[PDB]
């Protein structure tokens, strides 16, 4: 079971549930926050080769694009929800350092800042740049990349 932190490469902030709860409600926004604590730990459950569910370790809820478009448009907010469904499939690209949804868009901080402030929402967007890059690091060492597929 590899528990990891999802670190925004450009700012050093991390993916958090909005509120930091061990049990965020369904459709709780996924934000960037500088803090580190067990309630921002994630896991990845491989489903089909590169594709799987990004799972909030404390609640078991997984990352979803808000709604059910399957092919979400740019600026679609990312949330947590207990449901498992194909539209919640992502890949964790540790070679290009990004997170790609099954329909081909990536997780971004909303607005594209290299230094997004705490509580900035995350959204889907097709663009590629240094501000949408994320790396996956050890909870006991924020500079140690860990393999999220194992």
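By rigid core we mean the largest C-alpha set that fits within 1.5 Å across both forms. Positions refer to the first chain, counted from 1.
Quick check: by Cα RMS after rigid core superposition, does 77-85 or 60-68 differ more from this form in 6 other deposited structures of this protein?
When 77-85 and 60-68 are compared in 6 other deposited structures of this protein, 60-68 lies farther out.
Decide which of the stretches 95-103 and 111-119 has the higher mean C-alpha B-factor, going by the entry.
Stretch with the greater average CA B-factor: 111-119.
Among 50, 125, 69, 81, which residue carries the highest C-alpha B-factor recorded in the PDB entry?
Highest CA B-factor of the listed options: 69.
Can you work out whether the C-alpha temperature factor of residue 15 puts it in the lowest, middle or highest third of the chain?
For residue 15, whose C-alpha B-factor we compare with every modelled residue in the chain, the answer is the lowest third.
What third of its chain's C-alpha B-factors does residue 34 belong to: lowest, middle or highest?
Tercile = highest for this residue's CA B-factor.
Taking the values exactly as deposited, rank residue 62 by C-alpha B-factor within its chain and report the matching third: lowest, middle or highest.
It belongs to the lowest third of the chain when residues are ordered by C-alpha B-factor.
With respect to C-alpha B-factor, does residue 45 fall in the lowest, middle or highest third of the chain as deposited?
Middle third by C-alpha B-factor.
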